[PDB]
Amino acid sequence: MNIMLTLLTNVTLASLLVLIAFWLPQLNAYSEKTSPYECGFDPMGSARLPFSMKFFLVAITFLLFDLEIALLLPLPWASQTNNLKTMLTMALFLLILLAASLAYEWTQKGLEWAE
Amino acid sequence: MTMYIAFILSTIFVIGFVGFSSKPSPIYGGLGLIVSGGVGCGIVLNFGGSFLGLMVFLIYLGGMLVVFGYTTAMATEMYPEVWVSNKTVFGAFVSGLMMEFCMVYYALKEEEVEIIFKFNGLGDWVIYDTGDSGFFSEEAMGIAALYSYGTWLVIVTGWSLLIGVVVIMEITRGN
Amino acid sequence: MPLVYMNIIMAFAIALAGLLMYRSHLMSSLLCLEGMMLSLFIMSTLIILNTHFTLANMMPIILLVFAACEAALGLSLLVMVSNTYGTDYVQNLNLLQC
Amino acid sequence: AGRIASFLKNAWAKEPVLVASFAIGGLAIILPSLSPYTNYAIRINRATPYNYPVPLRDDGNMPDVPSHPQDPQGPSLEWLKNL
Amino acid sequence: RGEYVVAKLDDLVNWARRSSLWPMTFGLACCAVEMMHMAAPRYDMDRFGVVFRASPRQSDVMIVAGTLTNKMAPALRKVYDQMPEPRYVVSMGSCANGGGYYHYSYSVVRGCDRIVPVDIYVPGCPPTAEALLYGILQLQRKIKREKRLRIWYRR
Amino acid sequence: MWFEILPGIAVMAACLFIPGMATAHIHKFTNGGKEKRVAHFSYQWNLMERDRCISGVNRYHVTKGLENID
Amino acid sequence: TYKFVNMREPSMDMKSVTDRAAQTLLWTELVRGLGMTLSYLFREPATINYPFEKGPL
Amino acid sequence: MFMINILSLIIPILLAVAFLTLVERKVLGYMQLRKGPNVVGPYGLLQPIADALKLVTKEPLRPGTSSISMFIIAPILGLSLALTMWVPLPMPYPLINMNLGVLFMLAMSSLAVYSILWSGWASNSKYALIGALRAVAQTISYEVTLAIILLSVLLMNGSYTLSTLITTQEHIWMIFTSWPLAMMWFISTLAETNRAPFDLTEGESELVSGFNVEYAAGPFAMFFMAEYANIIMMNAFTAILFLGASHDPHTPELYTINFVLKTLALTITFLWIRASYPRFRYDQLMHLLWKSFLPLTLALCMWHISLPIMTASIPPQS
Ligand code: SF4
Numbered sequence: 035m036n037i038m039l040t041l042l043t044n045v046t047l048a049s050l051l052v053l054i055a056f057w058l059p060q061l062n063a064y065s066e067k068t069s070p071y072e073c074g075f076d077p078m079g080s081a082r083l084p085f086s087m088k089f090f091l092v093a094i095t096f097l098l099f100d101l102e103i104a105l106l107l108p109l110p111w112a113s114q115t116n117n118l119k120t121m122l123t124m125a126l127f128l129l130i131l132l133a134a135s136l137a138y139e140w141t142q143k144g145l146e147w148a149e
Numbered sequence: 002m003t004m005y006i007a008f009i010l011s012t013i014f015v016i017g018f019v020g021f022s023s024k025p026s027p028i029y030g031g032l033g034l035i036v037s038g039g040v041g042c043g044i045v046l047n048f049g050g051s052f053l054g055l056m057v058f059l060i061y062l063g064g065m066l067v068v069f070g071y072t073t074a075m076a077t078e079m080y081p082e083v084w085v086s087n088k089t090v091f092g093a094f095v096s097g098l099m100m101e102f103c104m105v106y107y108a109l110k111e112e113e114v115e116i117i118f119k120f121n122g123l124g125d126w127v128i129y130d131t132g133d134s135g136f137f138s139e140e141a142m143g144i145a146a147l148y149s150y151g152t153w154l155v156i157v158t159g160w161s162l163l164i165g166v167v168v169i170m171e172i173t174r175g176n
Numbered sequence: 015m016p017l018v019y020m021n022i023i024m025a026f027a028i029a030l031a032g033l034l035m036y037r038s039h040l041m042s043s044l045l046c047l048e049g050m051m052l053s054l055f056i057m058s059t060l061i062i063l064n065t066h067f068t069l070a071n072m073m074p075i076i077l078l079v080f081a082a083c084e085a086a087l088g089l090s091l092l093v094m095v096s097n098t099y100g101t102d103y104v105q106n107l108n109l110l111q112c
Numbered sequence: 008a009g010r011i012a013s014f015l016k017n018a019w020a021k022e023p024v025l026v027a028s029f030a031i032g033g034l035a036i037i038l039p040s041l042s043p044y045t046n047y048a049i050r051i052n053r054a055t056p057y058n059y060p061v062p063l064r065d066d067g068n069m070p071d072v073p074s075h076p077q078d079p080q081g082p083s084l085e086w087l088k089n090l
Numbered sequence: 242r243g244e245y246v247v248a249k250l251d252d253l254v255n256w257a258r259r260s261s262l263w264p265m266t267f268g269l270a271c272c273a274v275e276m277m278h279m280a281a282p283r284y285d286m287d288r289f290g291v292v293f294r295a296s297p298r299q300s301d302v303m304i305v306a307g308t309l310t311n312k313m314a315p316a317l318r319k320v321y322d323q324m325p326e327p328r329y330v331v332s333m334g335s336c337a338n339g340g341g342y343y344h345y346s347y348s349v350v351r352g353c354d355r356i357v358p359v360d361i362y363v364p365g366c367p368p369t370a371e372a373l374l375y376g377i378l379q380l381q382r383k384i385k386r387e388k389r390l391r392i393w394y395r396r
Numbered sequence: 005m006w007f008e009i010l011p012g013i014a015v016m017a018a019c020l021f022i023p024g025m026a027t028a029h030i031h032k033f034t035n036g037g038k039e040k041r042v043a044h045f046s047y048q049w050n051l052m053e054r055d056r057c058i059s060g061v062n063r064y065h066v067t068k069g070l071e072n073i074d
Numbered sequence: 005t006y007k008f009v010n011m012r013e014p015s016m017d018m019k020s021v022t023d024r025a026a027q028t029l030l031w032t033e034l035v036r037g038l039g040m041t042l043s044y045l046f047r048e049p050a051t052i053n054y055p056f057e058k059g060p061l
Numbered sequence: 002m003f004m005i006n007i008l009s010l011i012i013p014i015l016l017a018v019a020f021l022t023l024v025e026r027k028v029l030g031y032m033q034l035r036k037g038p039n040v041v042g043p044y045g046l047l048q049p050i051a052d053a054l055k056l057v058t059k060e061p062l063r064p065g066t067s068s069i070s071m072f073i074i075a076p077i078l079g080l081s082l083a084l085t086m087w088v089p090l091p092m093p094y095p096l097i098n099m100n101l102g103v104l105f106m107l108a109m110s111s112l113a114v115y116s117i118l119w120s121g122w123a124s125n126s127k128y129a130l131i132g133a134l135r136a137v138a139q140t141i142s143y144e145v146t147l148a149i150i151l152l153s154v155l156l157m158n159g160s161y162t163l164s165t166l167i168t169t170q171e172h173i174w175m176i177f178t179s180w181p182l183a184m185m186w187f188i189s190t191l192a193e194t195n196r197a198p199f200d201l202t203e204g205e206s207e208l209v210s211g212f213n214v215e216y217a218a219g220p221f222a223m224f225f226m227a228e229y230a231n232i233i234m235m236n237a238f239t240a241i242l243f244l245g246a247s248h249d250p251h252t253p254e255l256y257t258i259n260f261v262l263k264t265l266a267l268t269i270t271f272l273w274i275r276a277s278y279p280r281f282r283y284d285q286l287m288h289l290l291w292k293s294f295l296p297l298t299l300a301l302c303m304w305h306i307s308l309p310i311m312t313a314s315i316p317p318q319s
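Residue numbers (my numbering), protein chains in the order written: chain W, 35 to 149; chain D, 2 to 176; chain U, 15 to 112; chain L, 8 to 90; chain V, 242 to 396; chain E, 5 to 74; chain B, 5 to 61; chain R, 2 to 319.
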């Protein structure tokens, strides 16, 4: 209800903006406008070719770190436990493993944006 | 009537999945998964799983982000596919729509659908449980018990994530 | 077993079909594979929230953490076939024949 | 001796962020064991009654358990008030 | 009758266009440096709602600043042809207006008009920054005298 | 002459001003002058439900003291 | 005659290394520029009101 | 009157974003010896109206080499998420008391990638396809640091209830306890909103715009609205998170005034930074967080999780 009502209000409002944006103005609709653009020229025969890249490794280590961030998210609730000593050691283990993964990423090129 | 929302949240989950699995252009399968996850977050949320719902929201809308990250890198081509390119995808899609529609029609008429297991068409609001929670959310407290009772779980996971970054290093190393 | 269970089980069945019945794409197939675990994640959270299985509340994220790892390598494998072969289209994926 | 101090100085100059992070981290593990108040934190956490203290069936010969919620004997947390 | 409402509405629209024209820089020679001086603190183009910086996709006016050579001409043509309507092009400098010092060259077109329509001819070699700014103000008054919806209603 | 910026953010301030009291006042408007009773835990929800039932008007923020009972 | 522009190599005492580490960590030259631009914000804006006022000739 | 409260949330945020496009052009100019816009109405107060009308009545060009579905959906996502991400903010009485408001809003903060990617690829241009991946990498690689910073800061608050955050600060500004952390957090915020020091996506030499290249008129303006709404939203987030304020329940207006003043000050700091600093390079941009920011953030999180235990000062859960 309430929350869902706010989400509905926002999405419909956004859609009205885009509808007025895309419908209200008038265009002559001539062909040569469709020619694509690159700083004065057009993007020749590209802008969809497979992208020979290197920071793929950074992109994937993002996800691998995101899993561990999800793992350590429950911490504020976890600090409210009786056996605080075990929670302390084991959370510290989790952050140490974060740091160790980052360090192995570091020395073995890895997070070093590939060339 | 917004009574049936807890039903329809799953229903839009199903047909957003079919188009996601209808083998369309990879980004359109991604869009199907995205709407499926967005509507399934509501399914977990209205059952009380606030933290787990927002958790899957976060991690999964990062996870499909990264699978995009190579879709424009290691999966695009001169002519990317379109959700209307292949003729068979429409047939897959419509076969997605009519099966659960027929089954829910039966579950609305007989309430004893015989497909695979035993199921009743009498909504979902029944299966909830009366009770209370005091001043603590059960879901949050349960996921917090990971650092007190999850002795083995966090250890084996963290070890696996370390091994995962190692293998990700090694396979993509390129000699 | 109410309709929500039917819907997520049925979603898993079509994810099984979509990933396993390959059409032509490896990336879209592993995409269907990771949607598979989403269906299983929701399904698992359902009983666990339903039955007040307080400990098992941590099983989904645990179940989550490994599953993305699979995709973490899957797409990682995808680039390794891609740079040499050119695409993820699995019909040229034939060199290993005999 | 000299090598260790020189290496620390160079790290504090070459990668200062690394030494700051390593330091504050190394504290983060070794203080909680050394600190004399973590047991008090355990007392904090055990003090909070998230659930009801369901009473025991009285049958005689439990002087430790108070008969009344206003009784003097029983667990007390005046340390909590002073803290 | 309808002229009242349509005139007020189109007056609103042409005022909005007039006070928010976005130049597409396009400096080819010393006229570019003089335009840059015109955006300097002293004259402060940015005060009038003009924004100087604009990608050719999001822009209203092109200033052809400098000599336009034969090798340039296809690029300028593709730039203007992609420019969304409305698109008023101002030519600054004797070189861009027509010919220039290098009028009788072999690889310099004898005027931006032979390449692209020119809405305001700004003279000067270079046109001193405030003369450029005055040309911009003249284009603003031109946008003020705009009767699009009037002509639509009275077609 | 920095004060020329002062009108510019002033309306901006007013722009961010309105969501402040509007949510604050309407709550106070809706809940009988009281601010909204946040239910962050099921015990709060049970208290609100019992207050709604006791009110007899299906309005939780309506509250009756000892004068309501014998 | 000529002057070498950048040969001022730094020292390596504890004070100098502490100062450099503070400047790198506790961003200082960043704050220096961030405060200079502030000084220019409060200054008198150089702007001639065209066409009411024209440039000197 | 719930929907009235909603509208009283959206619409004023829209005017705030609108006049931010004036206050930036005035603040920047005054920072670089320019009078700024003061011709459209008094002191340029009417200038945002004119440009908005122009962009509404500017021709929206359809990218010929594009699938219109994403060319329209991406502005929808970028704009709607930006506004609905204002929903759970602790105004003296927050609109929606979501028990996990901070996590709610952090999760929605990651969704801007889901407008960036479709804008960059669907428009189908070299600048667009480059900038899409570059900006995506930027925002995703800074989202992690945002996450650990949020967790470490919250470990002293007590929960993910973002209304109790005020109750956390009350006495002292929270920055006084986590100034090393906030200094990172703020900067990472600067990175996530793609601002001049960390923008890297515009790059008007080799990326020109990066994502909003082929977007024109309305859908183009929608991404600006998202961008300059995230400015205000994240500056407000930082304002409450670290720059606490007083709130007497009998006088809700006091905290409202203090909070809006804090938000304006932080946005002015945004404009202040962008008006001075050069622009990062992608190499250095990711070097800044992978090599430098992330280890410090990890160590600070370890410090801020160990600290409540040793001080016997764990924050109240409820
Ligand atoms: S008109 Fe004069 S100033 Fe302008 S480009 Fe030609 S020579 Fe240079």
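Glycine included, C-beta positions come from ideal geometry on N, C-alpha and C.
Inter-residue spacing [alpha-carbon to alpha-carbon] between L34 of chain R and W111 of chain W | 52 Å
Any residues whose CB sits closer than 6 Å to a heavy atom of the ligand SF4? List them in chain order?
-> V:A270, V:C271, V:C272, V:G307, V:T308, V:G334, V:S335, V:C336, V:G341, V:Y342, V:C366 and V:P367
Mind checking which residues open and close the beta strand (DSSP E) that includes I117 of chain R?
-> Segment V114 to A123 is the alpha helix (DSSP H) holding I117 of chain R; no beta strand (DSSP E) there.
Tell me where the alpha helix (DSSP H) around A306 of chain V begins and ends.
-> Unbroken run through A306 of chain V is the beta strand (DSSP E), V302 to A306; no alpha helix (DSSP H).
DSSP three-state assignment for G79 of chain R, whether helix, strand or coil = helix
According to DSSP, is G268 of chain V helix, strand or coil?
-> strand
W174 of chain R and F243 of chain R look like a contact to me (Cβ under 8 Å); what is the Cβ gap, rounded to whole Å?
-> 7 Å
From the DSSP output, in three-state form, read off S348 of chain V for me.
-> coil
What residues from chain R crowd round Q299 of chain V, counting only those whose CB sits closer than 7 Å?
-> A217 and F221
Should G135 of chain D and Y47 of chain E be called a contact, given that it needs their Cβ atoms to be closer than 8 Å?
-> yes
What's the C-alpha gap between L63 of chain U and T12 of chain D?
-> 20 Å
Alpha helix (DSSP H) segments (min. 4 residues) lying fully within the stretch 141-210 of chain R | 166-170 and 176-193
Which residue from R:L130, R:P49 and R:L84 puts its Cα closest to that of residue 18 of chain W?
-> The structure shown has nothing for residue 18 of chain W, since chain W only spans 35 to 149.
Does the stretch 34-46 of chain R come within contact of the stretch 287-299 of chain V, defined as at least 3 CB pairs closer than 8 Å?
-> yes
What do you reckon, are the CB atoms on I315 of chain R and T45 of chain L nearer than 8 Å?
-> no
Taking C-alpha atoms, which residue in R:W87, R:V214, R:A313 and R:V88 lies nearest to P61 of chain R?
-> R:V214
What are the boundary residues of the alpha helix (DSSP H) that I52 of chain B is part of?
-> It is not in any alpha helix (DSSP H) - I52 of chain B carries neither H nor E in the DSSP assignment.
Outcome for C272 of chain V when other beta-carbon atoms lying within 10 angstroms are tallied against a minimum of 16 = buried
So, helix, strand or coil for residue 1 of chain D, using DSSP?
-> Residue 1 of chain D is absent from the model: chain D starts at 2 and stops at 176.
Listed by chain order, chain R residues near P39 of chain L by CB distance under 8 Å = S307, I310 and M311
Starting from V68 of chain D, follow the alpha helix (DSSP H) in both directions and report where the run begins and ends.
-> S51 to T72
Below 8 Å, can you find three or more Cβ-Cβ pairs linking the stretch 5-14 of chain E to the stretch 375-390 of chain V?
-> no
Does DSSP put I361 of chain V in a helix, a strand or coil?
-> strand
Below-8 Å beta-carbon distance, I73 of chain R vs any chain L residue = no
With 16 other Cβ atoms within 10 Å as the buried cut-off, status of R196 of chain R | buried
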